[PDB]
Amino acid sequence: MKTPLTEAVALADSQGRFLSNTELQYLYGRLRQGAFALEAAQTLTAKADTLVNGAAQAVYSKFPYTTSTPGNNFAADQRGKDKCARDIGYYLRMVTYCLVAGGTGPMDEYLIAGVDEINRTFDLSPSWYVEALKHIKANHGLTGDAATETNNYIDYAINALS
Amino acid sequence: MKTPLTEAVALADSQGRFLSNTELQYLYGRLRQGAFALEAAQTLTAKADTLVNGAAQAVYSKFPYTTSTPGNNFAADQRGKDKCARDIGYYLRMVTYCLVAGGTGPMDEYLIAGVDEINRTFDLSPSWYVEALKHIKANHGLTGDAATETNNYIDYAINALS
Amino acid sequence: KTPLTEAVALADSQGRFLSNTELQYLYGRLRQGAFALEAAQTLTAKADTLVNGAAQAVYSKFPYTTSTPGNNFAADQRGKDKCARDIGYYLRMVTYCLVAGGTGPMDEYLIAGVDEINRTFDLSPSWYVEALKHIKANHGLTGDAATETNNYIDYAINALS
Amino acid sequence: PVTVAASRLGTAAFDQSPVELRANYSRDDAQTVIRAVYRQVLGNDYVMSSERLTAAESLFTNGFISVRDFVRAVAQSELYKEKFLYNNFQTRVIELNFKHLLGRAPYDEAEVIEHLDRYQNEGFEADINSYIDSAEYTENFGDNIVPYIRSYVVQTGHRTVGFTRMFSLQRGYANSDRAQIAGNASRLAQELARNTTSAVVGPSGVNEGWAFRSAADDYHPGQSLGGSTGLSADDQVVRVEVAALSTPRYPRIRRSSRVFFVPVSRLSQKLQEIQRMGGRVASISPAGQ
Amino acid sequence: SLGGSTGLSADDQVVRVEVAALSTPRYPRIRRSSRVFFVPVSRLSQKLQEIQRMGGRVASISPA
Amino acid sequence: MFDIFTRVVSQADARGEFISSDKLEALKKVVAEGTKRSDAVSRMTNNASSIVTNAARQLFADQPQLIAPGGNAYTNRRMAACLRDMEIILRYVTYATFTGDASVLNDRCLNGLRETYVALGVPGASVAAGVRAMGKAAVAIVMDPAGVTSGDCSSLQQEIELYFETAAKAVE
Amino acid sequence: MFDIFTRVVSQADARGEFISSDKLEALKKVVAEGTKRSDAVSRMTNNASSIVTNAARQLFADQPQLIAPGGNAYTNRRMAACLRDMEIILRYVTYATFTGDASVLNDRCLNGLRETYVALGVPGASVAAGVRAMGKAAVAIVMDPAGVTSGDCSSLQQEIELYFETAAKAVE
Amino acid sequence: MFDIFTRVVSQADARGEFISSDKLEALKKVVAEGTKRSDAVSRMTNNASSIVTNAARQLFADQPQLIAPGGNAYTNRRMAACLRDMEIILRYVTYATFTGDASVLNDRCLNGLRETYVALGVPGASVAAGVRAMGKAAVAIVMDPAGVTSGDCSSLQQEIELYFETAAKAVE
Amino acid sequence: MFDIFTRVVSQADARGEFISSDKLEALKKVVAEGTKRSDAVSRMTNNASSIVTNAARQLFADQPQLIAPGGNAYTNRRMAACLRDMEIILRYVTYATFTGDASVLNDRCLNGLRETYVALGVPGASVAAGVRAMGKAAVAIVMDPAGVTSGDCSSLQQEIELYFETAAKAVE
Ligand SMILES: CCC1=C(C)/C(=C/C2=NC(=C\c3[nH]c(/C=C4\NC(=O)[C@H](C)[C@H]4CC)c(C)c3CCC(=O)O)/C(CCC(=O)O)=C2C)NC1=O
Ligand SMILES: CCC1=C(C)/C(=C/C2=NC(=C\c3[nH]c(/C=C4\NC(=O)[C@H](C)[C@H]4CC)c(C)c3CCC(=O)O)/C(CCC(=O)O)=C2C)NC1=O
Ligand SMILES: CCC1=C(C)/C(=C/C2=NC(=C\c3[nH]c(/C=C4\NC(=O)[C@H](C)[C@H]4CC)c(C)c3CCC(=O)O)/C(CCC(=O)O)=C2C)NC1=O
Ligand SMILES: CCC1=C(C)/C(=C/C2=NC(=C\c3[nH]c(/C=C4\NC(=O)[C@H](C)[C@H]4CC)c(C)c3CCC(=O)O)/C(CCC(=O)O)=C2C)NC1=O
Ligand SMILES: CCC1=C(C)/C(=C/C2=NC(=C\c3[nH]c(/C=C4\NC(=O)[C@H](C)[C@H]4CC)c(C)c3CCC(=O)O)/C(CCC(=O)O)=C2C)NC1=O
Ligand SMILES: CCC1=C(C)/C(=C/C2=NC(=C\c3[nH]c(/C=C4\NC(=O)[C@H](C)[C@H]4CC)c(C)c3CCC(=O)O)/C(CCC(=O)O)=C2C)NC1=O
Ligand SMILES: CCC1=C(C)/C(=C/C2=NC(=C\c3[nH]c(/C=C4\NC(=O)[C@H](C)[C@H]4CC)c(C)c3CCC(=O)O)/C(CCC(=O)O)=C2C)NC1=O
Ligand SMILES: CCC1=C(C)/C(=C/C2=NC(=C\c3[nH]c(/C=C4\NC(=O)[C@H](C)[C@H]4CC)c(C)c3CCC(=O)O)/C(CCC(=O)O)=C2C)NC1=O
Ligand SMILES: CCC1=C(C)/C(=C/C2=NC(=C\c3[nH]c(/C=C4\NC(=O)[C@H](C)[C@H]4CC)c(C)c3CCC(=O)O)/C(CCC(=O)O)=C2C)NC1=O
Ligand SMILES: CCC1=C(C)/C(=C/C2=NC(=C\c3[nH]c(/C=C4\NC(=O)[C@H](C)[C@H]4CC)c(C)c3CCC(=O)O)/C(CCC(=O)O)=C2C)NC1=O
Ligand SMILES: CCC1=C(C)/C(=C/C2=NC(=C\c3[nH]c(/C=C4\NC(=O)[C@H](C)[C@H]4CC)c(C)c3CCC(=O)O)/C(CCC(=O)O)=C2C)NC1=O
């Protein structure tokens, strides 16, 4: 729940003080981020289906063996392909929430808390979703402050993922 | 760490009592385990080179892609094969120590503490060592109480590994 | 103090599943019980003669508790009844301690506050010490069961004094 | 620091300033702080000398080992596991560790995940270490002071909740923490995940309705839906809780302790009816409107 | 460090951190600035983070 | 904890779909008026302590039984406790209007305000009237501009009015 | 916590006026008999532990089901717990008659005595009869003078009798 | 906490007499089959984690609303919480069949399983069906011998079946 | 902490090779005499407290300056502290001969025995002589068989003699 307004509130709660001017600057920074983050989330939501479709196909061409061998993590038949594409769509939707929230909190709470543990107990590999996010950050094709703020969120997910 | 004599000592330390008869029974059970565990460790040390060699070759045939693609975890060239065979030899040596110590303590301290974390940061897969230990527990070919005590240690490493 | 339950408490504190150490612990408990049950059987057969000889031996061991009128001592017959009740309680705790595989029935039911009630009632633990000495001299058993019971008895003696 | 009906809430016994271990304490002052540590961490449970752990205690009496590490030592001990970890539920064990070490009631569901998650991941030995190695721990009493209940003071950082959840946790002064009305069950774990608080009750005799406990099946919320639209009375409504209903008997009364919701206009008549049943009133709190 | 690991109740070795120059760190309101503590490696990271967060400079660390 | 952005996120995650465009237009309106959130929070945090004293002033001019001996606000310790209660109540109002969501004030005051006030014997009527007068004074200092560039502020007025009525029906 | 002087202070502060003269005459009577408070507290604290053993003696001669196995006072640990309960009960009686106000005994025993005794399964009847017999023995050792200068002590007799009946209806 | 030996001890102490001979013959039968307790506990602790994944497999093939967004087991954090719940449930089953008494599982799960599951909003139906399927798979891996010396195991089958039905009617 | 098995494991891990066959034959000898470790530990733990009193007996017959006022063992509190020191010293000797390695006794007594004894003012000479006499009495009760089946025990005699001399040069 990493939200700079709420993190400022949690800070001033821990201090027990009233609202300081540091928090006013914090609000200014949040507005400065949101003033392009909302439009970036808009075009991401426009592009999202082509993004997850190209990302799934690129990961399938990236490792041929997950299509090849019959296994439980891998997409041998079409149900595994559905679960795989559901997972990358989940990832990109977390990216959009992470962008629109102004912080890593939706990402943190909804993915980062136990991702490596379910990857351990299901024998998944995080590198699949790493190269998926690499294809997404190559595919969104944006420019400006919004593009690199989204790219920052994406490589944060990559770093915490690996 | 995990030796039934030392666990009994740690228990009686926490109670602050003298040696009770429960600890005498604990010592009896440890002697009962060791009376075949030592001979089992002997024949394991006799078989160890063929075990790790067949286990490495079986994992290489188990997944052809680690031989195939050039990568940093995978054994593309021969140095990765050396590191891979070093890892399975490390595993089997931990199994022998785990057997001769009477408990899971050498395994716990020397492998189980951070194995999934280095697998995460190096992008290894634990399932490789899982199927390696499956080949070892298929290959040792022993019978009796010692065989299943070793098999218990091996599947403990498998369960904690995955 | 039960080695199965102590193993469970250990694995609870570790938070692990059942290890093979606990399997060996169970093996040791079965090895103890395989004579402990028969020893508890012959103790229960002998118990009345044991407590009767132990009470008479403690009465001959110190003549003054029969002699002087006091509240701890057995001047009249009610104190003799309470005294024999106490040694019968002791031997029954010994049998439970044997059949449980550990000192837990002894610990919970005697050892927790025995010296405190001996302090506030002005009893002497040495009476029950020499009583347990007479019991461990009187049971007359041999083998692993005999010395396991003797170990429990001198544990009660050591914690008693 | 209450000082109005402090008798009624039972927190009058916890009035005193905390105990502080000096730089060169005497042997008797050591024993007082040891008795305070035993009483607070085991929750006014008295200790036998066989379970006294005199060996770990002597190291503290030297001064080589701090008071906070002695608190760690008694919580690392097997007797604390046998009294509290073993009989109680593990969520209830987390609840007890909040009173025993931090000195306050838990505030939300996030702390009970963090300690359950930690229990499965690393053990009770590590969980206790996480309670004591805390900023919330070290602020209120760093090394020298005993743990003590801080929930009655705001302390710049209490949520409201812990004040009232503490009275579900502890009763009185005489009450030993192993031994409560509910026994094995955990009071607060129902309250946490719904994010709700029950009404504050004081301990017995001073209050005679102490017997009332909310049923686990029936929540009975405080507000009762609309300032009594459905009860059809113009005045505001108060919650009323009765402790026993024993005069009425078995075929008339299925359960002794129940919650009524009344307007104030009919309050007097229902209170008279309760007294006619010989029932004594636990709590009465304003409900709605 | 007497007892080695008994009163600390963690089997791992003891590091014996000595800290100096502690001045209004938090609410504990400690009587002197420089103190010597005994920590094991199992909780050495937590106490070291606490020592630095308080405002203290560790002056010596010597395994006992 | 919950911000209005995180409110929209939690709605869109409970539905589990992407966020609607019109909701994003509402958020564009929100970030357009974030400077007015800053204006209001700065204005009333500038005058907050004097607002607390004036609220206690009207309360103690209104109900002299509190100052009267045997009253609940009679003693010096309890008087400081009163001013503590009002100050932290106004503090959580400032938290809520800074965040934009009442969840902070609700989740950190609604739970045990009524509970402490019935358990101690605190008359909830005086705190309700006091937080009402404090809210009126807060709207009075927020709305009027003193050398401030002009604009409409009716939505903010509605927001802090709602926050103070949630406080008032919290304590009752 | 509350002494009879502080009782008078709390009454005079709840009224908020100065203390009446006749109440001060009552306090003059109290400080005139403070040496008899000292006489009584010293006398029964001299014999307190033997009083506890004699109370347990009459209780265990009366109800042999407690000593009987399965009884609540059967085990050695529970027997020491019994003597602990009676000793600290007599200790708080001595606290109350030293202070002169029953508030210490009430506020540190009335709250959870009944509560622990119904929660554990402790029969409150035996503790009530035991504290009654202990109170009779306490009056017996307090009232009779042994080499003590003579005087009237009926008010003190009434006081500790009231303290023991508050204990008896505390545990019930 | 309570073992079947300590169960017999607690019965014989509540009666307060020595243990009957036929009960000691039953305990002789118990120590005769203690190696089969070892056989079963070792067998199912060998395969325990794969049993947990297969139970979650059948549960998530059965009820796709849990994986569906807005479901209780939907999120990654809650999914790990699910596997945590099932793993510690099977862990306490292994504790109970190692001890031989259901008191460990009852006293450390029966108390707050239903409580947490109604307080969180967890559907107890899915956990009940999952622990039933997990118990069927556990009997399936325990009973069939793979290179194990032959014997009868019907009493153990009854025992773990009873343990899993106590878990199932614990969560409901 | 360190057992002789774990000693062999730590040597074989520091070398990083598999264990030698002759060392495994030594361990076969060790598990062959583990019943004699049990015999000795049981024998001296049977008589341990009386051994402590007899050691204090010879110490206090030897050095009457300790009982003499101003002596270090003079006071009742310090006398109980003395018996505490000797009892826990014999306890760690029993720990070491049960484990078979002196590492437990070293790592939990060698560190601060000398340190406490020079810091308090405790004469280390008396503790050294007392642990020597206690070790002689311990060998005396261990070695002689009373109704015990006969065997050689010279290695155990050497082992506890080494343990008591490590204690003696620990305190000095
Ligand atoms: C909001 C964030 C979020 C994510 C990302 C998430 C992922 C997630 N993926 C899962 C499984 C899975 N994930 C895969 C995925 C793959 N195998 C392949 O071929 C591909 C390489 C890869 C596609 C990414 C498969 C095949 C399963 C089922 C494993 C099996 O069938 O046993 C599971 C276990 C439950 C289940 O589907 O059956 C979770 C919880 N959950 C979340 O809450
Ligand atoms: C005593 C127990 C113990 C174990 C098991 C252990 C394993 C271990 N394996 C490692 C790396 C590695 N492990 C592998 C292994 C593989 N890639 C493959 O082709 C095979 C499938 C697999 C053989 C198992 C490779 C290739 C590396 C180096 C990763 C890379 O080169 O960047 C590393 C990182 C340091 C390094 O070698 O360069 C550790 C610590 N360490 C221990 O202390
Ligand atoms: C299950 C274990 C267990 C034991 C052993 C036990 C002993 C026990 N013995 C007691 C008293 C007593 N014990 C004695 C005993 C003696 N005086 C003598 O002449 C003999 C030397 C000695 C016989 C051992 C006497 C005389 C009393 C009553 C003290 C008195 O009458 O005031 C009491 C005080 C209550 C009472 O009887 O009246 C307890 C609790 N309780 C237990 O729960
Ligand atoms: C962060 C959220 C939060 C809030 C709001 C909070 C309130 C709170 N108000 C309290 C007391 C109080 N509140 C009042 C209030 C009043 N005086 C009156 O008579 C009027 C009706 C009203 C004047 C404003 C008084 C007098 C006390 C002291 C009560 C006592 O002494 O028992 C107490 C009792 C502790 C103390 O003595 O300071 C708490 C915990 N605690 C929290 O954690
Ligand atoms: C300072 C005020 C204060 C009081 C008074 C107090 C009493 C108190 N009495 C207790 C137990 C007890 N009280 C008794 C009492 C009796 N035995 C009987 O059968 C008779 C009916 C009665 C004899 C006098 C017994 C047997 C226990 C132990 C109950 C148990 O083992 O569960 C316990 C349970 C803790 C323990 O095991 O020691 C507490 C907390 N605690 C306090 O903090
Ligand atoms: C804390 C230090 C600090 C302050 C004060 C700050 C104020 C601030 N208030 C502003 C706008 C504004 N602020 C207001 C707010 C108000 N005007 C009214 O008439 C109402 C009385 C009041 C609302 C309660 C309005 C109406 C605007 C301009 C149009 C708009 O954005 O609504 C702006 C935008 C441009 C400008 O007018 O300067 C700034 C920078 N920024 C800061 O960093
Ligand atoms: C603790 C060490 C200590 C003691 C004992 C002490 C006693 C004490 N009791 C006294 C008076 C007295 N004390 C009593 C009390 C009693 N007389 C009775 O007949 C009743 C049996 C009993 C009341 C239970 C009476 C009647 C007087 C004298 C007149 C009066 O003050 O009431 C006095 C006043 C002058 C005197 O008589 O010596 C002293 C000093 N002071 C101390 O420092
Ligand atoms: C030692 C005994 C013990 C048990 C058994 C125990 C259970 C327990 N299960 C919990 C949660 C949970 N349990 C589930 C269960 C499920 N998911 C579903 O939807 C299905 C119906 C079921 C799948 C198996 C879920 C999703 C949570 C997380 C609930 C939440 O996030 O609020 C929680 C809340 C804390 C957390 O977030 O981890 C506890 C305390 N705690 C204990 O101390
Ligand atoms: C953990 C390391 C370890 C293991 C495995 C162990 C096993 C073990 N299982 C045994 C007996 C046995 N175990 C079984 C149990 C079974 N047989 C079946 O057909 C069922 C499928 C299964 C019960 C679920 C039976 C039937 C016997 C022999 C007769 C009996 O005791 O009932 C015995 C007695 C002699 C023998 O057969 O070797 C041992 C030592 N001891 C150990 O230390
Ligand atoms: C687990 C390992 C361990 C050991 C061995 C240990 C010993 C230890 N012995 C101590 C004291 C003592 N040891 C003695 C010893 C003696 N009296 C004499 O004069 C003789 C020379 C010798 C008789 C045997 C005395 C008198 C004290 C009390 C010293 C004092 O009062 O300052 C103290 C001081 C604390 C106390 O007052 O009890 C410690 C910590 N602590 C440990 O943690
Ligand atoms: C604690 C309850 C308990 C006891 C006592 C126990 C004793 C025990 N001591 C034994 C052997 C033995 N124990 C000894 C030891 C000794 N003999 C001597 O002459 C020396 C005086 C002494 C060594 C200090 C010897 C010499 C043997 C037989 C041959 C050998 O193993 O060395 C054996 C093997 C077979 C037998 O002789 O019964 C047992 C079972 N087991 C138990 O569970």
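Residues numbered from 1 in each chain as written, not as in the entry; some residues may be left out. Chains lettered and ligands numbered in written order. Part of a larger assembly, values for the part shown. Heavy atoms only, no water.

- The deposited coordinates derive from cryo-EM, with the record listing a resolution of 3.5 Å.

- Under the PDB entry, the name given to chain D is Phycobilisome 32.3 kDa linker polypeptide, phycocyanin-associated, rod, and the organism recorded is Synechococcus sp. PCC 7002.
- Readers searching the PDB will find this entry under the title "Cryo-EM structure of cyanobacterial phycobilisome from Synechococcus sp. PCC 7002".
- Quoted verbatim from the Function field of UniProt, the annotation for chain D is "Rod linker protein, associated with phycocyanin. Linker polypeptides determine the state of aggregation and the location of the disk-shaped phycobiliprotein units within the phycobilisome and modulate their spectroscopic properties in order to mediate a directed and optimal energy transfer."
- Under the heading Sequence similarities, UniProt records this for chain D: "Belongs to the phycobilisome linker protein family." (UniProt positions renumbered as here; feature names shortened; annotations may be inferred.)

- As annotated in the PDB entry, chain C carries the name C-phycocyanin subunit alpha and is attributed to Synechococcus sp. PCC 7002.
- According to its UniProt record, chain C has this under Function: "Light-harvesting photosynthetic bile pigment-protein from the phycobiliprotein complex (phycobilisome, PBS). Phycocyanin is the major phycobiliprotein in the PBS rod."
- We quote the UniProt Sequence similarities comment for chain C here in full: "Belongs to the phycobiliprotein family."

## Observations concerning the overall build of chain D
Here comes step 1: On a plain count of helices and strands, chain D comes out with 13 helices and three strands.
Here comes step 2: Summarising its shape, the C-alpha atoms of chain D cover approximately 70 × 40 × 40 Å along the three principal directions.
Here comes step 3: The proportion of buried residues among the 289 residues of chain D is 57%.
Here comes step 4: For chain D, restricting intrachain contacts to residue pairs at least 6 apart in sequence, the fraction spanning at least 24 positions comes to 71%.
Here comes step 5: Element-wise, carbon and sulfur atoms account for 47% of the exposed surface of chain D, whose accessible area totals about 11700 Å².
Here comes step 6: Of the side chains in chain D, 32 bear a positive and 32 a negative charge, and the two mean positions are spaced by 10 Å. (Helix = DSSP H or I, 4+ residues; strand = E, 2+ residues; numbered from the N terminus. Buried < 20%, exposed > 50% of the residue type's maximum accessible area, 1.4 Å probe, protein only. Contact = heavy atoms within 4.5 Å. Areas by Shrake-Rupley, 256 points an atom, 1.4 Å probe, with all protein chains shown as cover. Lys, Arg positive; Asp, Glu negative; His and termini not counted. Charge placed at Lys NZ, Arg CZ, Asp CG, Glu CD.)

## Re the nonpolar core
Here comes step 1: Ranked by size, the top nonpolar core spans 156 residues in total, and within it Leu92 of chain A, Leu92 of chain B together with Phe98 and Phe164 of chain F carry the most contacts.
Here comes step 2: Broken down by element, this core gets its largest block of residues, 15 residues, from helix 2 (residues 21-62) of chain A.
Here comes step 3: Ranked by size, the runner-up nonpolar core spans 152 residues in total, among them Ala36, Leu53 and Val112 of chain D together with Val8 of chain H. (Core = buried A, V, L, I, M, F, W, Y, C linked by side-chain atoms within 4.5 Å.)

## Some points on helix 8 (residues 145-161) of chain A
Here comes step 1: In this model helix 8 of chain A runs 24 Å from its N-terminal to its C-terminal C-alpha over 17 residues, within 8% of the 24 Å that 1.5 Å per residue would give.
Here comes step 2: If you check which residues of helix 8 of chain A are buried, you get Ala146, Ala147, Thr150, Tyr153, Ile154, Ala157, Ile158 and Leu161 of chain A. Down the axis of helix 8 of chain A, the smallest arc covering the buried residues is 140 degrees, so these residues share one side.
Here comes step 3: If you follow the buried residues of helix 8 of chain A, they end up packed against helix 2, helix 4 (78-100), helix 5 (105-112), helix 6 (115-121) and helix 7 (126-139) of chain A together with helix 6 (115-121) of chain B. (Expected span 1.5 Å × (residues − 1). Arc of directions from axis to C-beta.)

## Thoughts on helix 5 (residues 104-111) of chain C
Here comes step 1: Among the eight residues of helix 5 of chain C, seven are classified as buried, and the element is accordingly described as predominantly covered.
Here comes step 2: Regarding helix 5 of chain C, the residues found buried are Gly104, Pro105, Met106, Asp107, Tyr109, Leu110 and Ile111 of chain C.
Here comes step 3: As for helix 5 of chain C, its buried residues are in contact with helix 4 (77-99), helix 6 (114-120) and helix 8 (144-160) of chain C, helix 5 (76-99) of chain G together with helix 1 (4-15) of chain H.

## Let's talk about the sheet that holds strand 1 (residues 237-242) of chain D
Residue and element names in this part refer to chain D.
Here comes step 1: If you trace the three strands from one edge of the open sheet to the other, you get 2-1-3, paired in antiparallel fashion. Unpaired on one side and paired on the other, strand 2 (259-263) and strand 3 (281-288) mark the two borders of the sheet. Strand-to-strand, the axes of this sheet are offset by a mean angle of 25 degrees, without reference to chain direction.
Here comes step 2: Direction of pairing for strand 1 relative to strand 3: antiparallel, over a ladder of six bridges. Pairing of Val238 across the sheet is with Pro286, part of strand 3. (Pairing = 2+ DSSP bridges. Axes fitted to C-alpha atoms, helices over the stretch in contact; angles between N-to-C directions.)

## So, the interface of chain F and chain A
Here comes step 1: Contacts between chain F and chain A engage 33 residues on the former and 30 residues on the latter.
Here comes step 2: Around 2900 Å² of area is buried between chain F and chain A when both sides are counted, 75% of it from carbon and sulfur atoms.
Here comes step 3: Per-residue buried area on chain F facing chain A is highest for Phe18, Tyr95 and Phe98 of chain F; these three make up 24% of the total on that side.
Here comes step 4: There are two salt bridges connecting chain F and chain A.
Here comes step 5: The salt bridge partner of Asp13 of chain F is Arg93 of chain A, with a shortest N-O separation of 3.5 Å.
Here comes step 6: Between chain F and chain A we count seven residue pairs in polar contact in total.
Here comes step 7: Elements that contribute at least two residues to the side of chain F that touches chain A include exactly helix 1 (4-15), helix 2 (21-32), helix 3 (34-46), helix 5 (76-99) and helix 6 (103-110) of chain F.
Here comes step 8: Per element, the largest residue contribution to the side of chain F that touches chain A is eight residues, and it comes from helix 5 of chain F.
Here comes step 9: Taken together, the residues of the side of chain F that touches chain A break down into 17 nonpolar, nine polar and seven charged. (Buried area = accessible area lost by both parts, 1.4 Å probe. Salt bridge = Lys/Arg side-chain N within 4 Å of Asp/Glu carboxyl O. Polar contact = N/O pair within 3.5 Å; in protein donor to acceptor, adjacent residues only side chain to side chain. Nonpolar A, V, L, I, M, F, W, Y, C, P; charged D, E, K, R; others polar.)

## Digging into the site of ligand 11
Here comes step 1: Close to ligand 11 lie 19 residues, the nearest being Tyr28 of chain B together with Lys36, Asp39, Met143 and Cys153 of chain I.
Here comes step 2: Each of chains B, C and I places residues next to ligand 11.
Here comes step 3: A distance of 3.5 Å is found between a nitrogen atom of ligand 11 and a side-chain nitrogen or oxygen belonging to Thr35 of chain I.
Here comes step 4: Between ligand 11 and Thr149 of chain I there is a distance of 3.2 Å, counted from a nitrogen atom to a backbone nitrogen or oxygen.
Here comes step 5: Of all the secondary structure elements, the ones that give two or more residues to the shell around ligand 11 are helix 2 (21-62) of chain B, helix 8 of chain C together with helix 3 (34-46) and helix 8 (124-143) of chain I.
Here comes step 6: It is helix 3 of chain I that contributes the most residues to the shell around ligand 11, five residues altogether.
Here comes step 7: Taken together, the residues that form the shell around ligand 11 break down as six nonpolar, seven polar and six charged. (Near = heavy atom within 4 Å.)

## Quick look at the pattern of salt bridges
Here comes step 1: Using the criterion set out here, one finds 50 salt bridges over all chains in the structure.
Here comes step 2: In this structure, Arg86 of chain B and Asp87 of chain B form a salt bridge, with 3.4 Å as the shortest nitrogen-oxygen distance.
Here comes step 3: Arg68 of chain D serves as the salt-bridge partner of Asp133 of chain D, at 2.9 Å between the closest nitrogen and oxygen. You can see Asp133 of chain D sitting in the loop between helix 8 (124-132) and helix 9 (135-140) and its partner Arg68 of chain D sitting in helix 4 (residues 67-76), a full 65 residues away along the chain. Exposure class is identical for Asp133 of chain D and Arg68 of chain D. Each is buried.
Here comes step 4: Through salt bridges with shared partners, one network takes in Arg68, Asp69, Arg72, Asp133 and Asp143 of chain D together with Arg43, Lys47 and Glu50 of chain E.

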